[PDB]
$ cat data-v7.cif   # mmCIF, C-alpha atoms and all ligand atoms
data_work
loop_
_atom_site.label_atom_id
_atom_site.label_comp_id
_atom_site.auth_asym_id
_atom_site.auth_seq_id
_atom_site.Cartn_x
_atom_site.Cartn_y
_atom_site.Cartn_z
CA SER A 2 14.65 16.03 11.50
CA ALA A 3 13.66 12.33 11.99
CA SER A 4 14.71 9.89 9.30
CA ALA A 5 14.08 6.30 8.24
CA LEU A 6 16.03 3.80 6.15
CA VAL A 7 13.52 1.52 4.36
CA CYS A 8 15.13 -1.54 2.85
CA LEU A 9 13.91 -3.15 -0.36
CA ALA A 10 14.81 -6.40 -2.11
CA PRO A 11 13.63 -8.46 -5.06
CA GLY A 12 10.45 -10.04 -3.77
CA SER A 13 9.69 -7.50 -1.04
CA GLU A 14 5.99 -7.12 -0.27
CA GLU A 15 5.03 -3.95 -2.10
CA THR A 16 1.95 -3.00 -0.06
CA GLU A 17 3.99 -3.29 3.14
CA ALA A 18 6.87 -1.23 1.75
CA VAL A 19 4.92 1.45 -0.07
CA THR A 20 2.27 2.00 2.61
CA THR A 21 5.04 2.44 5.18
CA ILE A 22 7.03 4.88 3.02
CA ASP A 23 3.93 6.95 2.23
CA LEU A 24 2.91 7.24 5.88
CA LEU A 25 6.43 8.16 7.00
CA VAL A 26 6.57 10.96 4.42
CA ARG A 27 3.15 12.19 5.55
CA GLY A 28 4.60 12.23 9.08
CA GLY A 29 7.43 14.57 8.02
CA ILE A 30 10.05 11.82 8.30
CA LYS A 31 12.87 11.86 5.74
CA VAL A 32 12.85 8.48 4.00
CA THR A 33 15.65 6.81 2.09
CA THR A 34 14.93 3.54 0.37
CA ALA A 35 17.90 1.19 0.12
CA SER A 36 18.22 -1.72 -2.28
CA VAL A 37 19.52 -4.97 -0.82
CA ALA A 38 19.65 -6.56 -4.26
CA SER A 39 22.90 -8.55 -4.36
CA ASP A 40 24.22 -6.68 -7.39
CA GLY A 41 23.15 -3.20 -6.24
CA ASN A 42 20.34 -2.90 -8.76
CA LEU A 43 17.83 -0.20 -7.79
CA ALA A 44 14.92 -1.23 -10.04
CA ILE A 45 13.22 -3.76 -7.80
CA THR A 46 10.47 -6.20 -8.78
CA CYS A 47 8.32 -6.82 -5.72
CA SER A 48 6.44 -9.95 -4.72
CA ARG A 49 3.33 -9.31 -6.88
CA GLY A 50 5.27 -7.72 -9.74
CA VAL A 51 5.16 -4.06 -8.81
CA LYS A 52 8.36 -2.35 -10.03
CA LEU A 53 9.69 0.10 -7.47
CA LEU A 54 12.87 2.25 -7.71
CA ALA A 55 15.03 2.37 -4.62
CA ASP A 56 16.86 5.60 -3.87
CA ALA A 57 20.27 4.07 -3.24
CA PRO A 58 22.18 0.82 -2.88
CA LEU A 59 22.46 -0.18 0.79
CA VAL A 60 26.27 0.13 0.79
CA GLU A 61 25.99 3.85 -0.01
CA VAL A 62 23.58 4.80 2.79
CA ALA A 63 23.91 2.16 5.57
CA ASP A 64 26.29 4.39 7.57
CA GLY A 65 23.80 7.24 7.34
CA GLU A 66 22.08 9.06 10.13
CA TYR A 67 18.75 7.26 10.40
CA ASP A 68 16.59 6.77 13.45
CA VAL A 69 15.01 3.53 12.29
CA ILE A 70 15.75 0.72 9.83
CA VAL A 71 12.64 -0.80 8.29
CA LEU A 72 12.46 -4.37 6.94
CA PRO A 73 9.38 -5.08 4.80
CA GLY A 74 8.23 -8.64 4.42
CA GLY A 75 7.56 -10.72 1.34
CA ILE A 76 9.13 -14.14 1.68
CA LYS A 77 11.74 -13.83 -1.08
CA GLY A 78 12.58 -10.26 -0.08
CA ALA A 79 13.06 -11.31 3.51
CA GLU A 80 15.25 -14.25 2.41
CA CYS A 81 17.40 -11.74 0.49
CA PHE A 82 17.73 -9.67 3.63
CA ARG A 83 18.60 -12.76 5.73
CA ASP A 84 21.30 -13.77 3.25
CA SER A 85 22.88 -10.31 2.90
CA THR A 86 25.86 -9.89 5.21
CA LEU A 87 25.64 -6.12 4.87
CA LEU A 88 21.92 -6.03 5.72
CA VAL A 89 22.41 -8.16 8.83
CA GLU A 90 25.39 -6.13 10.00
CA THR A 91 23.43 -2.93 9.44
CA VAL A 92 20.47 -4.17 11.50
CA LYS A 93 22.85 -5.21 14.28
CA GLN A 94 24.52 -1.82 14.16
CA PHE A 95 21.20 0.07 14.39
CA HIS A 96 20.30 -2.02 17.44
CA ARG A 97 23.69 -1.75 19.17
CA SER A 98 23.77 2.05 18.64
CA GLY A 99 20.44 2.59 20.40
CA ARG A 100 18.29 3.00 17.31
CA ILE A 101 15.08 1.25 16.26
CA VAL A 102 14.63 -1.90 14.20
CA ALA A 103 11.18 -2.19 12.55
CA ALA A 104 10.21 -5.41 10.75
CA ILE A 105 6.92 -6.66 9.31
CA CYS A 106 5.38 -9.91 7.99
CA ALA A 107 8.06 -12.48 6.96
CA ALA A 108 10.92 -10.29 8.14
CA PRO A 109 10.96 -11.13 11.91
CA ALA A 110 11.02 -14.88 11.47
CA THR A 111 13.21 -14.89 8.37
CA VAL A 112 15.81 -12.24 9.30
CA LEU A 113 15.78 -11.57 13.03
CA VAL A 114 15.27 -15.01 14.53
CA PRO A 115 17.89 -16.98 12.53
CA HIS A 116 20.56 -14.37 13.21
CA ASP A 117 19.58 -14.19 16.92
CA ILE A 118 19.61 -10.41 16.83
CA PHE A 119 16.95 -10.15 19.56
CA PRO A 120 17.38 -13.21 21.82
CA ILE A 121 15.21 -11.45 24.44
CA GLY A 122 12.18 -9.43 23.50
CA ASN A 123 8.61 -9.67 22.33
CA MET A 124 7.87 -9.93 18.63
CA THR A 125 5.19 -10.73 16.13
CA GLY A 126 5.12 -11.50 12.42
CA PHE A 127 3.04 -13.17 9.75
CA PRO A 128 0.78 -15.63 11.53
CA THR A 129 1.43 -18.69 9.39
CA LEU A 130 5.09 -18.29 10.39
CA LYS A 131 4.40 -18.06 14.12
CA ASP A 132 6.12 -21.40 14.79
CA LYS A 133 9.34 -19.79 13.48
CA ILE A 134 9.28 -17.23 16.30
CA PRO A 135 10.39 -18.63 19.67
CA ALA A 136 7.32 -19.33 21.76
CA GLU A 137 8.43 -17.16 24.68
CA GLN A 138 8.81 -14.19 22.33
CA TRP A 139 5.63 -14.50 20.21
CA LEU A 140 2.61 -12.23 20.60
CA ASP A 141 -0.40 -12.24 18.28
CA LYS A 142 -0.86 -8.47 18.05
CA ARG A 143 -1.16 -6.25 15.01
CA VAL A 144 1.88 -4.30 16.19
CA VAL A 145 4.36 -5.22 18.95
CA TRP A 146 6.61 -2.48 20.35
CA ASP A 147 9.24 -3.74 22.79
CA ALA A 148 10.96 -0.64 24.07
CA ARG A 149 13.48 -2.68 26.08
CA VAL A 150 15.22 -3.68 22.83
CA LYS A 151 13.75 -0.96 20.56
CA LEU A 152 12.13 -3.61 18.34
CA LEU A 153 8.93 -2.81 16.43
CA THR A 154 7.24 -5.71 14.65
CA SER A 155 3.97 -6.14 12.79
CA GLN A 156 2.05 -8.90 11.05
CA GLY A 157 1.10 -8.45 7.36
CA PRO A 158 0.01 -6.31 4.46
CA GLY A 159 -3.13 -5.37 6.32
CA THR A 160 -1.21 -4.10 9.35
CA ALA A 161 1.03 -1.79 7.31
CA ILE A 162 -0.95 1.30 8.35
CA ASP A 163 -0.68 0.32 12.03
CA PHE A 164 3.05 -0.25 11.54
CA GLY A 165 3.68 3.05 9.81
CA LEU A 166 1.67 4.99 12.37
CA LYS A 167 3.69 3.42 15.21
CA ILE A 168 6.95 4.45 13.50
CA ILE A 169 5.56 7.98 13.34
CA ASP A 170 4.73 7.82 17.07
CA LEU A 171 8.26 6.59 17.86
CA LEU A 172 10.03 9.23 15.75
CA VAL A 173 7.74 12.28 15.89
CA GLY A 174 5.06 11.52 18.47
CA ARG A 175 1.39 10.96 19.05
CA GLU A 176 0.16 14.27 17.72
CA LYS A 177 1.74 13.64 14.32
CA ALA A 178 0.58 10.00 14.30
CA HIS A 179 -2.97 11.14 14.91
CA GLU A 180 -2.67 13.81 12.23
CA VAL A 181 -1.50 11.28 9.64
CA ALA A 182 -4.09 8.71 10.69
CA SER A 183 -6.83 11.31 10.25
CA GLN A 184 -5.85 11.76 6.54
CA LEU A 185 -6.30 8.12 5.54
CA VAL A 186 -9.96 7.08 5.96
CA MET A 187 -8.62 4.17 7.98
CA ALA A 188 -10.70 1.30 9.33
CA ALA A 189 -12.09 1.52 12.88
CA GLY A 190 -9.91 -1.39 14.08
CA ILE A 191 -6.59 0.51 13.73
CA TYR A 192 -5.54 2.63 16.71
CA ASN A 193 -5.77 6.36 15.85
CA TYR A 194 -3.60 7.97 18.58
CA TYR A 195 -6.20 10.05 20.28
CA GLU A 196 -7.86 9.50 23.57
CA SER B 2 -8.70 -14.96 -17.31
CA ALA B 3 -9.80 -11.68 -15.64
CA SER B 4 -7.62 -8.63 -16.21
CA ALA B 5 -7.24 -5.06 -15.00
CA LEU B 6 -5.75 -1.87 -16.39
CA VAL B 7 -4.34 0.26 -13.56
CA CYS B 8 -3.52 3.82 -14.61
CA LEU B 9 -0.63 5.82 -13.13
CA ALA B 10 0.20 9.50 -13.57
CA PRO B 11 2.68 11.87 -11.96
CA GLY B 12 1.31 12.47 -8.47
CA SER B 13 -0.84 9.34 -8.23
CA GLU B 14 -1.32 8.12 -4.65
CA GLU B 15 1.11 5.24 -4.30
CA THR B 16 -0.55 3.38 -1.43
CA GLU B 17 -3.86 3.39 -3.33
CA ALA B 18 -2.28 2.20 -6.56
CA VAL B 19 0.11 -0.40 -5.14
CA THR B 20 -2.33 -1.90 -2.63
CA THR B 21 -4.88 -2.32 -5.42
CA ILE B 22 -2.37 -3.92 -7.82
CA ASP B 23 -1.09 -6.32 -5.16
CA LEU B 24 -4.59 -7.47 -4.17
CA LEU B 25 -5.68 -7.96 -7.77
CA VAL B 26 -2.62 -10.15 -8.45
CA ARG B 27 -3.34 -12.13 -5.31
CA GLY B 28 -6.86 -12.63 -6.72
CA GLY B 29 -5.46 -14.16 -9.91
CA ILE B 30 -6.27 -11.08 -11.99
CA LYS B 31 -3.73 -10.10 -14.66
CA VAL B 32 -2.70 -6.51 -14.09
CA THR B 33 -1.22 -4.06 -16.60
CA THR B 34 -0.05 -0.70 -15.36
CA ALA B 35 -0.26 2.20 -17.82
CA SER B 36 1.43 5.56 -17.65
CA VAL B 37 -0.79 8.52 -18.33
CA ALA B 38 0.16 12.08 -19.06
CA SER B 39 3.86 11.36 -19.37
CA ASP B 40 4.37 11.29 -23.14
CA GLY B 41 5.22 7.64 -22.94
CA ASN B 42 7.68 7.76 -20.06
CA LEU B 43 7.12 4.79 -17.76
CA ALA B 44 8.76 6.18 -14.67
CA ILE B 45 6.11 7.69 -12.51
CA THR B 46 6.85 9.72 -9.39
CA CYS B 47 3.91 9.30 -7.04
CA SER B 48 2.49 11.79 -4.53
CA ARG B 49 4.89 11.01 -1.64
CA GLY B 50 7.89 10.43 -3.92
CA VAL B 51 7.62 6.68 -4.48
CA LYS B 52 8.86 5.97 -7.99
CA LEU B 53 7.04 3.17 -9.93
CA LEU B 54 7.79 1.75 -13.38
CA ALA B 55 4.63 1.31 -15.42
CA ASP B 56 4.38 -1.55 -17.90
CA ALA B 57 3.37 0.54 -20.92
CA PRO B 58 2.12 3.91 -22.07
CA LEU B 59 -1.66 4.16 -21.98
CA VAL B 60 -1.90 4.76 -25.71
CA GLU B 61 -0.42 1.31 -26.33
CA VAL B 62 -2.87 -0.63 -24.06
CA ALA B 63 -6.03 1.44 -23.95
CA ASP B 64 -7.85 -0.82 -26.45
CA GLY B 65 -6.98 -4.02 -24.66
CA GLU B 66 -9.82 -6.18 -23.40
CA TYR B 67 -9.33 -5.57 -19.70
CA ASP B 68 -12.36 -6.17 -17.43
CA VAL B 69 -11.79 -3.06 -15.30
CA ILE B 70 -9.97 0.27 -15.56
CA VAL B 71 -8.64 1.53 -12.23
CA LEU B 72 -8.06 5.21 -11.44
CA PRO B 73 -5.99 5.77 -8.31
CA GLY B 74 -6.32 9.06 -6.51
CA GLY B 75 -3.75 11.59 -5.41
CA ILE B 76 -4.87 15.08 -6.35
CA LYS B 77 -2.07 15.78 -8.96
CA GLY B 78 -2.44 12.37 -10.51
CA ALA B 79 -6.19 12.72 -10.75
CA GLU B 80 -5.79 16.15 -12.40
CA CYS B 81 -3.49 14.54 -14.97
CA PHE B 82 -6.21 11.92 -15.64
CA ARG B 83 -8.89 14.62 -15.92
CA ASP B 84 -6.80 16.59 -18.40
CA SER B 85 -5.87 13.59 -20.57
CA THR B 86 -8.26 13.21 -23.48
CA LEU B 87 -7.06 9.66 -24.01
CA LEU B 88 -7.69 8.70 -20.35
CA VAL B 89 -11.19 10.17 -20.37
CA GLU B 90 -12.14 8.57 -23.68
CA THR B 91 -10.76 5.23 -22.51
CA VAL B 92 -12.87 5.39 -19.33
CA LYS B 93 -15.97 6.20 -21.45
CA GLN B 94 -15.20 3.33 -23.80
CA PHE B 95 -14.78 0.84 -20.94
CA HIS B 96 -18.18 1.85 -19.67
CA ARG B 97 -19.91 1.69 -23.08
CA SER B 98 -18.48 -1.78 -23.74
CA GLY B 99 -19.88 -3.23 -20.53
CA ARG B 100 -16.77 -3.08 -18.40
CA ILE B 101 -16.08 -1.75 -14.91
CA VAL B 102 -14.73 1.70 -14.00
CA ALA B 103 -13.08 1.76 -10.55
CA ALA B 104 -11.92 5.05 -9.02
CA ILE B 105 -10.63 5.96 -5.56
CA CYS B 106 -9.91 9.09 -3.49
CA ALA B 107 -9.66 12.28 -5.65
CA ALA B 108 -10.39 10.38 -8.85
CA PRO B 109 -14.24 10.41 -8.70
CA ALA B 110 -14.57 14.14 -8.11
CA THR B 111 -11.66 15.15 -10.32
CA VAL B 112 -12.16 12.86 -13.34
CA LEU B 113 -15.71 11.51 -13.38
CA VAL B 114 -17.72 14.54 -12.34
CA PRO B 115 -16.22 17.28 -14.59
CA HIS B 116 -16.62 15.01 -17.67
CA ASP B 117 -20.15 13.93 -16.65
CA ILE B 118 -19.26 10.29 -17.22
CA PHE B 119 -21.92 8.91 -14.84
CA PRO B 120 -24.40 11.77 -14.43
CA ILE B 121 -26.90 9.92 -12.23
CA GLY B 122 -24.47 7.38 -10.82
CA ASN B 123 -23.94 7.03 -7.11
CA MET B 124 -20.38 7.48 -5.93
CA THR B 125 -18.04 8.21 -3.10
CA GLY B 126 -14.55 9.69 -2.88
CA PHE B 127 -12.19 11.44 -0.52
CA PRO B 128 -14.29 13.19 2.13
CA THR B 129 -12.68 16.62 1.94
CA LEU B 130 -13.63 16.60 -1.75
CA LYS B 131 -17.31 15.90 -0.98
CA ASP B 132 -18.12 19.43 -2.23
CA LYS B 133 -16.78 18.54 -5.69
CA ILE B 134 -19.35 15.68 -6.10
CA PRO B 135 -22.93 16.77 -6.89
CA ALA B 136 -24.90 16.43 -3.67
CA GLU B 137 -27.51 13.99 -5.05
CA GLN B 138 -24.76 11.60 -6.19
CA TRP B 139 -22.65 11.51 -2.97
CA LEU B 140 -22.54 8.60 -0.47
CA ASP B 141 -20.10 8.71 2.48
CA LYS B 142 -19.12 5.00 2.53
CA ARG B 143 -15.80 3.17 2.41
CA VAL B 144 -16.73 1.52 -0.93
CA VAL B 145 -19.67 2.16 -3.26
CA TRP B 146 -20.60 -0.33 -5.99
CA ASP B 147 -23.21 1.05 -8.40
CA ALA B 148 -24.10 -2.10 -10.26
CA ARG B 149 -26.39 -0.27 -12.69
CA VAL B 150 -23.47 1.61 -14.28
CA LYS B 151 -20.66 -0.70 -13.21
CA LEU B 152 -18.99 2.08 -11.23
CA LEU B 153 -16.88 1.17 -8.19
CA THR B 154 -15.67 4.04 -6.02
CA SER B 155 -13.83 4.28 -2.71
CA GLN B 156 -12.53 6.94 -0.37
CA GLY B 157 -8.80 7.04 0.48
CA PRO B 158 -5.51 5.34 1.17
CA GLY B 159 -7.07 3.56 4.12
CA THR B 160 -9.90 2.08 2.00
CA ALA B 161 -7.59 0.64 -0.66
CA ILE B 162 -7.95 -2.89 0.73
CA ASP B 163 -11.76 -2.63 0.72
CA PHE B 164 -11.56 -1.31 -2.88
CA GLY B 165 -9.32 -4.05 -4.16
CA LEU B 166 -11.34 -6.79 -2.48
CA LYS B 167 -14.57 -5.59 -4.15
CA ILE B 168 -12.86 -5.70 -7.56
CA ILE B 169 -11.87 -9.32 -6.83
CA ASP B 170 -15.43 -10.15 -5.73
CA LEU B 171 -16.83 -8.70 -8.95
CA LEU B 172 -14.33 -10.27 -11.38
CA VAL B 173 -13.46 -13.63 -9.85
CA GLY B 174 -16.05 -14.16 -7.06
CA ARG B 175 -16.67 -14.01 -3.38
CA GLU B 176 -14.64 -17.09 -2.46
CA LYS B 177 -11.51 -15.62 -4.05
CA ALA B 178 -12.13 -12.27 -2.37
CA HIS B 179 -12.29 -14.05 0.99
CA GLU B 180 -9.17 -16.09 0.20
CA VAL B 181 -7.25 -12.88 -0.52
CA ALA B 182 -8.68 -11.04 2.47
CA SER B 183 -7.67 -13.93 4.75
CA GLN B 184 -3.99 -13.47 3.60
CA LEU B 185 -3.74 -9.87 4.76
CA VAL B 186 -4.29 -9.59 8.54
CA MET B 187 -6.97 -6.98 7.93
CA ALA B 188 -8.29 -4.54 10.50
CA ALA B 189 -11.52 -5.02 12.29
CA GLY B 190 -14.12 -3.11 10.42
CA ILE B 191 -13.16 -4.22 6.90
CA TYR B 192 -15.42 -6.77 5.18
CA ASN B 193 -13.69 -10.07 4.55
CA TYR B 194 -16.26 -11.75 2.22
CA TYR B 195 -16.59 -14.77 4.50
CA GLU B 196 -19.62 -17.01 3.90
MG MG C 201 16.35 -17.97 21.73
MG MG C 202 -25.28 16.76 -12.57
#

$ encode --input "data-v7.cif" --output "structure tokens"
Amino acid sequence: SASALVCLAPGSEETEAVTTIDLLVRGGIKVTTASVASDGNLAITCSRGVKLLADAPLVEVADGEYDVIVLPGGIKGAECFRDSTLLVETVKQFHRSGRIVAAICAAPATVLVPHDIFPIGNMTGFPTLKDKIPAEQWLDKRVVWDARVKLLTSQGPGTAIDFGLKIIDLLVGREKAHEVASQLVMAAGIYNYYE
Amino acid sequence: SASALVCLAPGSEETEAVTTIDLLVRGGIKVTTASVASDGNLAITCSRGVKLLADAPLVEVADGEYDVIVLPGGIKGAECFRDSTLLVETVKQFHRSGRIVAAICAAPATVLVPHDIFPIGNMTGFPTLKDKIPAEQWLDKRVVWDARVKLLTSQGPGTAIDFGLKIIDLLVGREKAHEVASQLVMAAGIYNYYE
């Protein structure tokens, strides 16, 4: 029953987006990808040229019943998100309605901080952009989950597995996260949800 | 100047394919994606439903002068590769002309073994498919580079970074592989090609 709205824009980071989508599907989460292209185009060219088809334009699915909204990074993709009134309103509405906001890489500093969506809360993002996250909020962790504000953040292409697994934990739980992790041949430095 | 031909078929594993493409581009390698087993259609639905647009049909690019041919996994995609005469012949021709064959996940066992492409090569692949690789050829390692036959293999979605980085090391050098690795925020456990 859990569901995720994964946003995509021209210049989104394709490893971040695709890894996350794949993991969520493996976790039994229904995924809808939403284009935030300004014209509604669904055929998105990502930051390294990968061409990815979104399922729907954001305006058609933003009001949907999703448990989490996911913001991939990629500098130009994140700038598109920042500059989209609809995207920002949608993020705010997920937060205000008690749902989860998940953002990786460039997205925290580029989207969340300028719009002051989370004035209180811990967050991370891509490390070269750490001076764009307020110092009292920054943590240098692969994933940061601040349950007080239901904000999940993560750092870069290489933390996309950690990020996706944490979304699975938050939507479906530890058993499913561990199950998905066990499928991947993941590196020892990524938490695998069993103790 | 280095270039790569990344093959895509219905059911290819999208994290494996996309992570590899992204890393290669970050390494300064020109990447062409080719659809296989689709009668020329460029829209490829991957194993978890991610839809990619390939650059060209394989038949149109198979005789390009790429330095490496990359075979993503995903069991259905790898079966399409196995069952495509053009794919198999292209892989053989890359090898005979002194170029690299790179295969991940289901691709070694599904494509390389049944066609006896590398009959005494050493190789890895997805662990649950160990029984599909002749016992004397199997290594259980995140990445295997058999320099004698120019065969690069790797294990799963979670080894796609390791796989892509070794391609960069081989085609454009260790310093570039480290530069790319340093961009990613990689997990502990993955080799970063530093000094
Ligand atoms: Mg503040
Ligand atoms: Mg044999």

$ residues_near_ligand --input "data-v7.cif" --ligand "ligand MG 202 (chain C)" --cutoff "8 Å" --atoms "all atoms listed in the file" --output "PyMOL selection string"
chain B and resi 114+117+120-121+135

$ residues_around --input "data-v7.cif" --residues "residue A:18" --least-positions-apart "3" --cutoff "9 Å" --atoms "all atoms listed in the file" --output "list in words"
residues 7, 8, 9, 13, 14, 15, 21, 22, 23, 71, 72, 73, 74, 158 and 161 of chain A

$ write_last_selection --input "data-v7.cif" --atoms "C-alpha atoms" --output "compact mmCIF listing (two decimals), in the coordinates of the input"
# COMPACT_ATOMS: atom_id res chain seq x y z
CA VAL A 7 13.52 1.52 4.36
CA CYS A 8 15.13 -1.54 2.85
CA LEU A 9 13.91 -3.15 -0.36
CA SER A 13 9.69 -7.50 -1.04
CA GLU A 14 5.99 -7.12 -0.27
CA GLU A 15 5.03 -3.95 -2.10
CA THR A 21 5.04 2.44 5.18
CA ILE A 22 7.03 4.88 3.02
CA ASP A 23 3.93 6.95 2.23
CA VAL A 71 12.64 -0.80 8.29
CA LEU A 72 12.46 -4.37 6.94
CA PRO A 73 9.38 -5.08 4.80
CA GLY A 74 8.23 -8.64 4.42
CA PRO A 158 0.01 -6.31 4.46
CA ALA A 161 1.03 -1.79 7.31

$ closest_residue --input "data-v7.cif" --among "A:122, A:11, A:50, A:78" --to "ligand MG 201 (chain C)" --atoms "all atoms listed in the file"
A:122

$ interface_residues --input "data-v7.cif" --of "chain A" --to "chain B" --cutoff "6 Å" --atoms "all atoms listed in the file" --output "list in words"
residues 16, 19, 20, 23, 49, 52, 53, 54, 157, 158, 159, 185, 186, 187, 188, 189 and 190 of chain A

$ atom_distance --input "data-v7.cif" --atom1 "atom CA of residue B:109" --atom2 "atom CA of residue B:126"
5.9 Å

$ build_atoms --input "data-v7.cif" --residues "stretch 106-123 of chain A" --atoms "N, CA and C atoms" --output "compact mmCIF listing (two decimals), in the frame of the given file"
# COMPACT_ATOMS: atom_id res chain seq x y z
N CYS A 106 5.81 -8.79 8.88
CA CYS A 106 5.38 -9.91 7.99
C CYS A 106 6.41 -11.04 8.07
N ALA A 107 7.07 -11.42 6.97
CA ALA A 107 8.06 -12.48 6.96
C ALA A 107 9.37 -12.04 7.62
N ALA A 108 9.58 -10.72 7.77
CA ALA A 108 10.92 -10.29 8.14
C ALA A 108 11.35 -10.74 9.55
N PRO A 109 10.48 -10.68 10.59
CA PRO A 109 10.96 -11.13 11.91
C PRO A 109 11.46 -12.54 11.91
N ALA A 110 10.64 -13.50 11.45
CA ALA A 110 11.02 -14.88 11.47
C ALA A 110 12.16 -15.22 10.53
N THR A 111 12.24 -14.52 9.40
CA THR A 111 13.21 -14.89 8.37
C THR A 111 14.57 -14.25 8.62
N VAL A 112 14.57 -13.02 9.12
CA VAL A 112 15.81 -12.24 9.30
C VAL A 112 16.26 -12.25 10.75
N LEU A 113 15.36 -11.83 11.65
CA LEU A 113 15.78 -11.57 13.03
C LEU A 113 16.03 -12.81 13.83
N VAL A 114 15.14 -13.81 13.72
CA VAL A 114 15.27 -15.01 14.53
C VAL A 114 16.50 -15.83 14.14
N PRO A 115 16.76 -16.13 12.87
CA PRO A 115 17.89 -16.98 12.53
C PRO A 115 19.23 -16.40 12.91
N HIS A 116 19.33 -15.08 12.87
CA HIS A 116 20.56 -14.37 13.21
C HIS A 116 20.63 -14.05 14.71
N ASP A 117 19.59 -14.36 15.46
CA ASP A 117 19.58 -14.19 16.92
C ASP A 117 19.91 -12.74 17.31
N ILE A 118 19.33 -11.80 16.57
CA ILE A 118 19.61 -10.41 16.83
C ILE A 118 18.93 -9.91 18.13
N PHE A 119 17.77 -10.51 18.42
CA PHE A 119 16.95 -10.15 19.56
C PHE A 119 16.66 -11.42 20.37
N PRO A 120 17.63 -11.95 21.10
CA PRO A 120 17.38 -13.21 21.82
C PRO A 120 16.34 -13.06 22.95
N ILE A 121 16.21 -11.83 23.45
CA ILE A 121 15.21 -11.45 24.44
C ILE A 121 14.39 -10.37 23.84
N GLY A 122 13.09 -10.48 23.96
CA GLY A 122 12.18 -9.43 23.50
C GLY A 122 10.92 -10.02 22.90
N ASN A 123 9.85 -9.26 22.98
CA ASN A 123 8.61 -9.67 22.33
C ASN A 123 8.59 -9.31 20.88
